[PDB]
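Student: Residue numbers (PDB author numbering), protein chains in the order written: chain A, 8 to 282, 291 to 310; chain A', 8 to 282, 291 to 310; chain B, 8 to 282, 290 to 310; chain B', 8 to 282, 290 to 310. A prime marks a further copy of an entry chain.
There's a structure below that I have some questions on.
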Amino acid sequence: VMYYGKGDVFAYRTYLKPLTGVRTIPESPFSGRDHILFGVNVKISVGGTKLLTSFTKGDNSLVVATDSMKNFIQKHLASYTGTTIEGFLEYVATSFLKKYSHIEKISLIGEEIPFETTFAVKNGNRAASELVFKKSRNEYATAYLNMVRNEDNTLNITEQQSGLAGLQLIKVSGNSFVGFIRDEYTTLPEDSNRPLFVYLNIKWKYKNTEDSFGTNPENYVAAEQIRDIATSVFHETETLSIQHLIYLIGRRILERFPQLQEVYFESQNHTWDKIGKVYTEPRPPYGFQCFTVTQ
Amino acid sequence: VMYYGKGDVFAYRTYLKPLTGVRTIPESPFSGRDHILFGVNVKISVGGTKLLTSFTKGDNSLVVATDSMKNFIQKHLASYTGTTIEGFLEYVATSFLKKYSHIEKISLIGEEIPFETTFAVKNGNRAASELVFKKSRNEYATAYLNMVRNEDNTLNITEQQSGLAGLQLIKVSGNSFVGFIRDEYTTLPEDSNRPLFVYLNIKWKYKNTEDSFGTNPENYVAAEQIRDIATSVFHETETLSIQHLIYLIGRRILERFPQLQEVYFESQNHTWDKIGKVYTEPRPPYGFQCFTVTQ
Amino acid sequence: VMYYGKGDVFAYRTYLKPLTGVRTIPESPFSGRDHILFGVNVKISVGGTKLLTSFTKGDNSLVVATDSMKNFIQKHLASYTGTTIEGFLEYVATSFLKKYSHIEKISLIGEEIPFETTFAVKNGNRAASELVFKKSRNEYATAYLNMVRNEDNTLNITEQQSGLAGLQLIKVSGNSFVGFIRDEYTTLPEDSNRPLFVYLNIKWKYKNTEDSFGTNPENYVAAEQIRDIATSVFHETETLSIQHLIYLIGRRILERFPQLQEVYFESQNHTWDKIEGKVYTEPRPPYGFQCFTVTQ
Amino acid sequence: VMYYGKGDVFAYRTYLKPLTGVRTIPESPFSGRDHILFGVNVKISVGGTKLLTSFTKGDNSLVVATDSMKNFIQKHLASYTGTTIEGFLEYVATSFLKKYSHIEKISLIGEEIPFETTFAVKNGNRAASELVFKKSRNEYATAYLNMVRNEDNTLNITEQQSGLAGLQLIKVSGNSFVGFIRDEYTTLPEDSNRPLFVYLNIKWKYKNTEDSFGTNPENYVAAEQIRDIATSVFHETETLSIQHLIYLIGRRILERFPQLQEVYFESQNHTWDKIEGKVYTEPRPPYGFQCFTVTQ
Ligand SMILES: O=c1[nH]c(=O)c2nn[nH]c2[nH]1
Ligand SMILES: O=c1[nH]c(=O)c2nn[nH]c2[nH]1
Ligand SMILES: O=c1[nH]c(=O)c2nn[nH]c2[nH]1
Ligand SMILES: O=c1[nH]c(=O)c2nn[nH]c2[nH]1
Ligand SMILES: [Cl-]
Ligand SMILES: [Cl-]
């Protein structure tokens, strides 16, 4: 392994070009983003054989300072004319490889810093403020991109992946976990009606990477919509396990978004212990599942 | 100082009696709580001269186990027939002092564990789910109560305080900070248009402690409403400082809720550094303000 | 209430004057501090009735910017010629009130950012490095000070307290918790041999605030020595509860340090649940706690 | 992908067999582990094509409950008779695949929960306590193992890696960063004497996985020794960058431990900003990082 970079590059841009014309779906009201406030936390990693001597000899001749990568990212957010994190990452990746010809590969993560609307009384009635927003520490969209320079000097995206992270859902009834292996190590009672509490990270890949950029918004898959699919399917389903639930969420996502190639899940179980029904937090050990549905 | 207790007593109650009939205000749509899911994190502290020898002699004869206080709280959430955290704390405080006659004083904190509604498609249309909720790591209501046993053996609430914690608001324009002292220690530039980013903890006290309990919902002050007042006033105000803003929020709260005696603010400044306008996270040091408005 | 200030003012100073000349105790080998690296996190709060219109009218004429307070703290750490956080707080407080005559009161917290020594081989032997240090996220020393300006423009310290925070101690055996109330709310079993795990925050107050500054270091009480007393007493004691333990720790402290007026304890219970060798695991979140003062 | 498992399986064992008989190096006084208290946080992942219908049809017939995996881990810590996290992981992995024949692969992480010794006075002298320990939130040792079941029901380790995580080192002087690219994106000034502060995660892989278990302890590589090498090399070196430093640390490691095949580094830059004595303060959040492997 040989690479280096800069993490936690927070950047806040006001009045980015709004995202409009997004194809809606029955599970979600989402149609676009106003982009009055556009926050993203970026991580950049770059590699290339010519970086070797910066490690082996302490030769900094070919080192773009990691501090300079932060400048690069933040300046490019100022000049980005697109409408999505995915497109911003492509802009950064392309501009960076174009600028630094000794770099063979660049990997980017972009994590949304989400802000929610708030109420203000405008003259006489409540409405959404166009100035005051609430910082949310809940779920947030993500994006990932890897781009390489080929031997013929062309630039190629080798990997792209969008996601929703930090979604925490509890369904008070309509969940079971029964029929699992009962042997010498099994002390968990069967439960025909548990308040299943799951953390979800959902990530998707497009059949055609262009669709991720939002240029044709009709083909863009929004994390807001993925969220509302997850909650909708959770509501509709008499779950039989987390495994069972996330497969059904995945199938619905692929059905709603045929331009997607796959959906990947990282789930955790945080179901409370039962002790009017009252519950309490469990001990720290948490179950998890990881699973890919493909189109 | 001599007291002891139990903290992080999480308790989750389903289908608590709903809170209804709350007097509304122009800044907020709030009218009640469905209480399908009622989460609270409780801290209990108890004191009394008769506890001395548990410290000085290792005599546990008069020690209610802190583990038993957790049981006490969680069982009482199961039997609570009221509608607010404030009333739940009074129920716990009264029942505890009634049960343990060697305890002279009890202090309680109750912190809401908030859950937000989610979308589910019911047959054909999107609607709020009655089963699936989203755990929120954003702002949350709080409550505080101190109750003592008097020499004549009556029980008296000596202190009560409700609050909203963890509110994080950023207003992209319409804020200034100018005219402050410029001397040998001053390097901050004046700013006539900054994206003021403030954290708020807002706490209020009632003229009549009965109003906090929600028995007559007409007199109850909801944290949801305090929130929407704060965002509304933030929107309306060309702020001149955080100090200036929180005074104006306080005045509005007292005007809307004449049954309140005071409002107390704990604010922090997290305004981003400026570097299309792009900003970034500042260094760690944060300003703060603390201030009480009284009716 | 009315005050404002600045928090999380981290400041790292190199080559502060060493602390030496301290008085030893049986429980502790502590003999001083090198101060190659002296890290402190500072929080400052100021008050004064002349600040009212900064709230009520948005008038910043008498506002020291909280950004300026950060500059003030860090610049005074560069010029500080003493040897303790406690003395540093007094330096900042007195300088600040002298500088800003409309401020009537100032409160300061300083929390050590501790660093530990590391090994290095040089000139044929291994020894502690004078250059490379390890940042510790374990326990740390604390200091608190409040100072007011009187009507006649004199300044007075009105409260001072030192401390040790974040001490996390587990004793594997030699602890019991029995004989507590067993009623309808009791499911905890009696346990004659538990592996008591306590978090400890220990704070002390001096009879004479001057002893806190280090200027006559033989009268200073070091957080390192307080830690060592805590661990020794825990080892020595067949504990009957955390309450029992902390009273005993506080008595030894006031016995070892007759210049102290009182010691205050904030303890939390984080004892593991028991599940061949003995194995334990982390408990559910709810934690017991105790708060208790021992006085001379 | 398809797998499921259990994380944050904390487990604390008393009086595990001591680790002794290890081979020393100049950089480190490490000579073994007492194991009065042996804490580990374990994460387990399992896979197998026979798990598909648990996802696609909600059929739990072949689901080992993740709750049961936690029980499995903790019970095997009680019966484990070895001396390392690495050997413990192999014990759990082999037992689990033997128990559950439909599982084809298992991956395990174990992270040390470290505890430090404390002082206590007894029988007329002060010495380290055999009962009271201090929980450390600083660096800790790690271990990773993956094991698969072959078609013929044999089991094989397919990957093994040990490590040290959370090492936080600041060197106050004797570090430079100069000569990097200065273009339109460069605002960082050249600095010939900076107080380099690095976070280090160091992982190593053995030529022979058996050497990782402790069974012949003279061939074991201890995280404690790796730490000491890291700090020594940092002290010794006039660093020209973090990149420069970590390559040098990795070469010394592979020189000291010829039984290692490779060492891998994850470093982060957390160097303070400079603001009488020298004073520094915490930087803005963005942090540089490096990832690099040195091989024999
Ligand atoms: O949904 C679940 N899947 C599992 O594998 C499991 N194991 N314990 N509880 C569980 N719940
Ligand atoms: O609103 C503010 N109040 C203050 O006191 C201050 N100081 N720096 N920035 C500030 N902003
Ligand atoms: O030391 C203890 N004190 C207590 O009050 C207590 N309550 N439960 N366990 C306890 N342990
Ligand atoms: O050691 C360093 N390596 C780097 O790549 C770098 N970039 N900015 N500062 C740096 N320091
Ligand atoms: Cl001594
Ligand atoms: Cl040696």
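For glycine and all other residues, C-beta sits at the position ideal for the given N, C-alpha and C.
1. Between the alpha carbons of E123(A) and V228(A'), how many angstroms are there, rounded?
2. Between which two residues does the beta strand (DSSP E) harbouring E269(B') extend?
3. Can you give me the Cβ contacts of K105(B') inside the same chain, cut-off strictly under 7 Å, excluding the 5 residues immediately before and after it?
4. Enumerate in chain order the residues of its own chain whose CB-to-CB distance from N67(B') is below 7 Å, with the five nearest sequence positions on each side excluded.
5. Could you confirm whether any beta carbon from chain A is found closer than 8 Å to the beta carbon of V179(B')?
6. Could you check which residue in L44(B'), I32(B') and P196(B') has the C-alpha nearest to that of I92(B')?
7. Hey, is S38(B)'s beta-carbon within less than 8 Å of any beta-carbon in chain B'?
8. Please name the residue, chosen from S143(A'), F184(A'), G94(A') and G65(A'), that lies closest to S169(A') on a Cα-to-Cα basis.
9. Measuring only between beta-carbons, confirm whether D74(A) sits less than 8 Å from chain A'.
10. Considering only heavy atoms of ligand 3, does any lie closer than 7 Å to the CB of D74(B)?
11. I253(B') and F220(B') - do their beta-carbons sit closer together than 8 Å?
12. Tell me the DSSP secondary structure of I233(A) in three-state form.
13. Below 8 Å CB to CB, which residues in the same chain sit around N157(A) once its five sequence neighbours on both sides are set aside?
14. Specify, as a first and last residue, the run of the alpha helix (DSSP H) that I120(B) falls within.
15. What are the partner residues of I249(B'), as DSSP defines its beta bridges?
16. So, are the CB atoms of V293(A') and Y19(A) less than 8 Å apart?
17. What residues come near ligand 7, if near means a beta carbon less than 7 Å from any of its heavy atoms?
18. Closer than 7 Å by beta-carbon distance: list the chain B' residues that pair up with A127(B), in chain order.
19. Helix, strand or coil for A85(B') per DSSP?
20. Which chain A' residues are close to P299(B), counting only those with a beta carbon under 8 Å from its beta carbon?
21. Any idea what DSSP makes of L171(A'), helix, strand or coil?
22. By Cβ distance, which residues of its chain are closer than 6 Å to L84(B), with the 5 residues on each side in sequence left out?
23. Within 8 Å (strictly less), CB to CB, does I120(A) reach chain B'?
24. Assuming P300(A) and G14(B') are in contact, meaning their beta carbons sit under 8 Å apart, how far apart are those beta carbons, in whole angstroms?
25. Using the Cα positions of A134(B) and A127(B), report the straight-line distance between them to the nearest angstrom.
26. Who does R40(A') pair with in a DSSP beta bridge?
27. Tell me which residues share the same chain as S199(B') and place their Cβ nearer than 7 Å to its Cβ, disregarding the 5 neighbours each side in the sequence.
28. Just checking: is the beta-carbon of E296(B') within a distance shorter than 8 Å of some beta-carbon in chain A'?
29. CB of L195(A') to nearest heavy atom of ligand 2: below 7 Å?
30. Taking the continuous beta strand (DSSP E) assigned at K210(A), which residues delimit it?
31. Thinking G65(B) and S274(A') are a contact (beta carbons under 8 Å), I'd like their distance in whole angstroms, please.
32. Rounded to the nearest angstrom, how far is the Cβ of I188(A) from that of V70(B'), given a contact under 8 Å?
33. Which whole-angstrom value describes the C-beta separation of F303(A') and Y11(B), a residue pair presumed to lie in contact below a C-beta threshold of 8 Å?
34. Specify the secondary structure class of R263(A') as computed by DSSP and reduced to three states.
35. Quick one: Cα of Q81(A') to Cα of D190(B), how far?
36. Could you give the DSSP three-state label for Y10(B): helix, strand or coil?
Tutor: Working from what's here:
1. One-based indexing of the first sequence puts residue 123(A) at position 116. One-based indexing of the second sequence puts residue 228(A') at position 221. Rounded to the nearest angstrom, the two C-alpha atoms are 23 Å apart.
2. Taking the fourth sequence and counting its residues from 1, one reaches residue 269(B') at position 262. For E269(B'), the enclosing beta strand (DSSP E) stretches over residues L267 to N276.
3. Reading the fourth sequence from its first residue, position 98 is the one you call residue 105(B'). If the five residues before and after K105(B') are omitted, its C-beta is found closer than 7 Å to no C-beta atom of its own chain.
4. Here residue 67(B') refers to the residue found at position 60 of the fourth sequence. Around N67(B'): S61.
5. On the fourth sequence, residue 179(B') is found 172 positions in, with the first residue counted as 1. Cβ-Cβ to chain A under 8 Å: no for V179(B').
6. Residue mapping note: residue 92(B') aligns to position 85 of the fourth sequence, counting from 1. It is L44(B') whose Cα lies nearest to the Cα of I92(B').
7. As a position in the third sequence, residue 38(B) is number 31, starting the count at 1. Residue-level contact by beta carbon fails for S38(B) and chain B', as no gap is shorter than 8 Å.
8. Locating residue 169(A') in the second sequence gives position 162, where the first residue counts as 1. Nearest to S169(A') by C-alpha distance, out of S143(A'), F184(A'), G94(A') and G65(A'), is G94(A').
9. The sequence position of residue 74(A) within the first sequence is 67, counting from 1. By the rule that beta-carbons nearer than 8 Å mark a contact, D74(A) does not touch chain A'.
10. On the third sequence, position 67 is the one that residue 74(B) refers to. Because no heavy atom of ligand 3 lies under 7 Å away, the Cβ of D74(B) does not count as near it: no.
11. In the fourth sequence, the residue the question calls residue 220(B') occupies position 213. In the fourth sequence, the residue the question calls residue 253(B') occupies position 246. No, they are not a contact pair.
12. Here residue 233(A) corresponds to residue number 226 of the first sequence, with the count starting at 1. It is helical.
13. Position 150 of the first sequence, counting from 1, holds the residue named residue 157(A). Closer than 8 Å at the Cβ level, and outside the excluded window around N157(A), lie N163.
14. Taking the first residue of the third sequence as position 1, residue 120(B) is located at position 113. Looking at the DSSP string, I120(B) is not in any alpha helix (DSSP H); the run it does join, the beta strand (DSSP E), is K112 to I120.
15. As a first step, residue 249(B') is located in the fourth sequence; it is residue number 242 there, counting from the start. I249(B') pairs with nothing; no bridge assigned.
16. Against the second sequence, residue 293(A') aligns to sequence position 278. Against the first sequence, residue 19(A) aligns to sequence position 12. Contact: yes.
17. By its list of ligands, the structure shown excludes ligand 7, since it contains just ligand 1, ligand 2, ligand 3, ligand 4, ligand 5 and ligand 6.
18. To locate residue 127(B), count along the third sequence from 1; it is residue 120. Contact note: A127(B) reaches chain B' through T238, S239, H242 and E243, using a C-beta cutoff of 7 Å and chain order.
19. In the fourth sequence, counting from the first residue as 1, residue 85(B') sits at position 78. In the structure shown, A85(B') adopts helical secondary structure according to DSSP, grouped into three states.
20. Residue numbering aside, residue 299(B) sits at position 285 when the third sequence is read from its first letter. For a Cβ distance threshold of 8 Å, residue set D15 and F17 of chain A' lies close to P299(B), ordered along the chain.
21. Here residue 171(A') refers to the residue found at position 164 when the second sequence is read from its first residue. In the structure shown, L171(A') sits in a strand (DSSP, three-state: E or B).
22. Locating residue 84(B) in the third sequence gives position 77, where the first residue counts as 1. Taken in chain order, the residues that qualify are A18 and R20.
23. Here residue 120(A) refers to the residue found at position 113 when the first sequence is read from its first residue. In terms of beta-carbon proximity, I120(A) stays away from the interface with chain B', with every pair separated by 8 Å or more.
24. Within the first sequence, numbered from 1, the residue matching residue 300(A) stands at position 285. Within the fourth sequence, numbered from 1, the residue matching residue 14(B') stands at position 7. Contact between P300(A) and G14(B') holds: CB atoms are separated by about 7 Å, below the 8 Å threshold.
25. Reading the third sequence from its first residue, position 127 is the one you call residue 134(B). Reading the third sequence from its first residue, position 120 is the one you call residue 127(B). Rounded to the nearest angstrom, the gap between the Cα atoms of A134(B) and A127(B) is 6 Å.
26. In the second sequence, residue 40(A') corresponds to position 33, counting from 1. Beta-bridge analysis with DSSP links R40(A') to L26(A').
27. Residue numbering aside, residue 199(B') sits at position 192 when the fourth sequence is read from its first letter. Taken in chain order, the residues that qualify are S183 and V185.
28. Here residue 296(B') is taken as the residue at index 282 of the fourth sequence, counted from 1. Yes, its Cβ sits closer than 8 Å to a Cβ of chain A'.
29. Reading the second sequence from its first residue, position 188 is the one you call residue 195(A'). The answer is yes for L195(A').
30. The residue you call residue 210(A) lines up with position 203 of the first sequence. Unbroken beta strand (DSSP E) run through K210(A): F204 to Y213.
31. The residue you call residue 65(B) lines up with position 58 of the third sequence. The residue you call residue 274(A') lines up with position 267 of the second sequence. About 15 Å separates the two Cβ atoms, so there is no contact after all.
32. Counting from 1 along the first sequence, the entry for residue 188(A) is found at position 181. Counting from 1 along the fourth sequence, the entry for residue 70(B') is found at position 63. The C-beta distance from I188(A) to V70(B') rounds to 6 Å, short enough to meet the 8 Å contact threshold.
33. Here residue 303(A') is taken as the residue at index 288 of the second sequence, counted from 1. Here residue 11(B) is taken as the residue at index 4 of the third sequence, counted from 1. About 6 Å separates the two Cβ atoms, so the contact holds.
34. Working through the second sequence from its first residue, we reach residue 263(A') at position 256. Secondary structure of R263(A') (DSSP, three-state): helix.
35. In the second sequence, residue 81(A') corresponds to position 74, counting from 1. In the third sequence, residue 190(B) corresponds to position 183, counting from 1. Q81(A') and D190(B) have their alpha carbons spaced roughly 15 Å apart.
36. Locating residue 10(B) in the third sequence gives position 3, where the first residue counts as 1. For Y10(B), the secondary structure class from DSSP, reduced to helix, strand or coil, is strand.
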